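These notes concern the structure reproduced below.
FYI the Cβ positions are ideal-geometry reconstructions off the backbone, even for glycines, and counts take in every protein chain you see. Nothing in this text is a laboratory measurement; each read-out follows from the coordinates by a stated rule.
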Amino acid sequence: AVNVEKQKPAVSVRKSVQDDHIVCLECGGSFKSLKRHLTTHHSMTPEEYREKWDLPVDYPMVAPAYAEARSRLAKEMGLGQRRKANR
């Protein structure tokens, strides 16, 4: 790939939203959910990560309309319950 002081700038924000695919800032690759990929590879929380790229309005890391583009309203970054309650 590269990763020698440059990384992959997936352009500026605003157009980070594409056709049901969200572009991986620092990485280049595209997917439906950066939330996972983020905490997997780049690791850390989506809100903490937006700080790195100075990403305005705390730009969502999940699909453009996944859940009202706003974590389904409330339920902050992290995990609700550490349990798979109900099937």
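Taking the stated definitions as given, is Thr45 of a type in the set (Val, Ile, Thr), surrounded by 10 or more Cβ atoms within 10 Å (Cβ to Cβ) and free of Cβ contacts under 8 Å to residues at least 24 places away in the same chain?
Numbers: of a type in the set (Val, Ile, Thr): yes; surrounded by 10 or more Cβ atoms within 10 Å (Cβ to Cβ): yes; free of Cβ contacts under 8 Å to residues at least 24 places away in the same chain: no.
The answer is no for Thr45.
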I need a count of the residues in segment 48-57 that are without any contact (Cβ under 8 Å) to a residue 12 or more places away in the chain and surrounded by 14 or more Cβ atoms within 10 Å (Cβ to Cβ). 1
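In segment 39-59, what residues are within 19 Å of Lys15 (Cβ to Cβ) and either in contact with a strand residue (DSSP E or B) (Cβ under 8 Å, 6 or more places away or on another chain) or part of a helix (DSSP H, G or I) (or both)? Can you show your working first?
Restricting attention to segment 39-59, the residues satisfying the condition of being within 19 Å of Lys15 (Cβ to Cβ) are 46, 49-50, 52-59.
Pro46, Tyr49, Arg50, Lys52, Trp53, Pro56, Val57, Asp58, listed by residue number.
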Just checking, which of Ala85, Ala69, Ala74, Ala65 is assigned to a loop (DSSP other than H, G, I, E, B) and either surrounded by 14 or more Cβ atoms within 10 Å (Cβ to Cβ) or within 12 Å of the chain's Cα centre (by Cα) (or both)? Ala69
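How about segment 13-32: which of its residues are in a loop (DSSP other than H, G, I, E, B), of a type outside the set (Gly, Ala, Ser) and surrounded by 13 or more Cβ atoms within 10 Å (Cβ to Cβ)?
First pass over segment 13-32, keeping only residues in a loop (DSSP other than H, G, I, E, B): 13-16, 19-20, 24-25, 27-29, 32.
Restricting the remaining residues to those that are of a type outside the set (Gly, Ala, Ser) gives 13-15, 19-20, 24-25, 27, 32.
Within segment 13-32, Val13, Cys24, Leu25, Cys27, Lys32 meet the criteria.
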Return the pair list, or none, for Cβ contacts closer than 8 Å from residues in segment 23-35 that are of a type in the set (S, T, N, Q) to residues that are not in a strand (DSSP E or B), at least 6 apart or on different chains. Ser30/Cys24; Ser33/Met61; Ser33/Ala63; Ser33/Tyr66
